[PDB]
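J.: Structure below; questions to follow.
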Amino acid sequence: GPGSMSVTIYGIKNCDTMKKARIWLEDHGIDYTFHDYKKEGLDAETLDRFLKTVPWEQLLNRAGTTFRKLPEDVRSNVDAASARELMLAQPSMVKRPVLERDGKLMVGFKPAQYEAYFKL
């Protein structure tokens, strides 16, 4: 059971989740390409492509410090423009891990869930 194709994963290096993802996938016997937000090169084109693939609401963590950074008014008055600027300016907050396959982008899932799901 060979495999010509391969799965590519995007994210950062300064994160525990990322490590858990690469390890889990690696253990399962799947090859995942580790790509850093800065490694791939974040630009206007990339940002647009991402924002077009997924909603800005589900593109950046909200239960973190990034979202807590802005006030109550802004936190509730979030717009596409602001979001896009936040991703292009500080993509390190972008959701992760991230799976890229045929363009379609997917958000990383927890270990307990992934197992409980894939489990028979």
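Throughout, read-outs are computed from the coordinates displayed, never taken from laboratory work. Note: ideal-geometry Cβ built from the backbone for every residue, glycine included; neighbour counts use all protein chains shown.
J.: Within region 70-99, which residues are hydroxyl-bearing (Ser, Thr, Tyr) and farther than 16 Å from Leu42 by Cβ?
T.: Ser76, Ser82
J.: Also, quick follow-up: With under 18 Å from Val7 (Cβ atoms), crowded, with 16+ Cβ neighbours inside 10 Å and touching a helix residue (DSSP H, G or I) at 6+ places or on another chain (Cβ under 6 Å) as the only criterion, which of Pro97, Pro91 stands out?
T.: Going through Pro97, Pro91 in turn, just one is under 18 Å from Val7 (Cβ atoms), crowded, with 16+ Cβ neighbours inside 10 Å and touching a helix residue (DSSP H, G or I) at 6+ places or on another chain (Cβ under 6 Å): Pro97.
J.: Now a separate question. For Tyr37, only one of the following conditions fails: (1) in contact with a helix residue (DSSP H, G or I) (Cβ under 8 Å, 6 or more places away or on another chain); (2) over 16 Å from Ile9 (Cα atoms). What is its number?
T.: (2)
J.: If the requirement is being under 15 Å from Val107 (Cα atoms) and of a type in the set (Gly, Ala, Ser), which of these qualifies: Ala44, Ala21?
T.: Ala21
J.: Still on this structure, I have one more. Taking the conditions exactly as written (surrounded by 11 or more Cβ atoms within 10 Å (Cβ to Cβ) and farther than 23 Å from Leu42 by Cβ), does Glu115 satisfy them or not?
T.: It is true that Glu115 is surrounded by 11 or more Cβ atoms within 10 Å (Cβ to Cβ) and farther than 23 Å from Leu42 by Cβ.
J.: A further question on this structure: When the residues of region 43-81 are narrowed to those that are among the acidic types (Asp, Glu) and within 21 Å of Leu99 (Cβ to Cβ), which ends up surrounded by the most Cβ atoms within 10 Å (Cβ to Cβ)?
T.: Going through the qualifying residues, I end up with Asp48.
J.: Restricted to region 102-112, and to residues that are over 16 Å from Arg22 (Cα atoms) and of a type in the set (D, E, K, R), which residue is surrounded by the fewest Cβ atoms within 10 Å (Cβ to Cβ)?
T.: Among those residues, the one meeting the criterion is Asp102.
J.: For region 1-106, list the helices (runs of 4 or more DSSP H) that sit wholly inside it and hold at least 1 residues that are of a type in the set (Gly, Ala, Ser) and either over 27 Å from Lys119 (Cβ atoms) or under 12 Å from the mean Cα position of the chain (by Cα) (or both); which are they?
T.: Those helices (runs of 4 or more DSSP H) span 16-28, 44-53, 72-76, 80-89.
J.: Six or more apart or on different chains, Cβ atoms under 7 Å: show the pairs whose first residue is in region 62-89 and without any contact (Cβ under 8 Å) to a residue 12 or more places away in the chain and whose second is in a helix (DSSP H, G or I) and exposed (fewer than 13 other Cβ atoms within 10 Å of the Cβ).
T.: Every condition considered, the pairs that remain are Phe67/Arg75.
J.: Mind checking which pairs have a first residue in region 29-41 that is in contact (Cβ under 8 Å) with a residue 24 or more places away in the chain and a second that is loosely packed, with under 13 Cβ neighbours inside 10 Å and in a loop (DSSP other than H, G, I, E, B), Cβ under 9 Å, 6 or more apart or different chains?
T.: Matching pairs, first to second residue: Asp31/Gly3; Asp31/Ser6; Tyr32/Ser6; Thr33/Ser6; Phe34/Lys13; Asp36/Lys13.
J.: Turning to a different aspect of this structure: Just need a number here: residues in region 107-120 that are part of a helix (DSSP H, G or I) and among the hydrophobic types (A, V, I, L, M, F, W, C).
T.: Summing the residues that are part of a helix (DSSP H, G or I) and among the hydrophobic types (A, V, I, L, M, F, W, C) in region 107-120 gives 3.
J.: Looking at (1) touching a residue at least 24 places away in the same chain (Cβ under 8 Å); (2) on the phi < 0 side of the Ramachandran plot, which is the only condition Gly11 fails?
T.: Here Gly11 meets the rest and fails (2).
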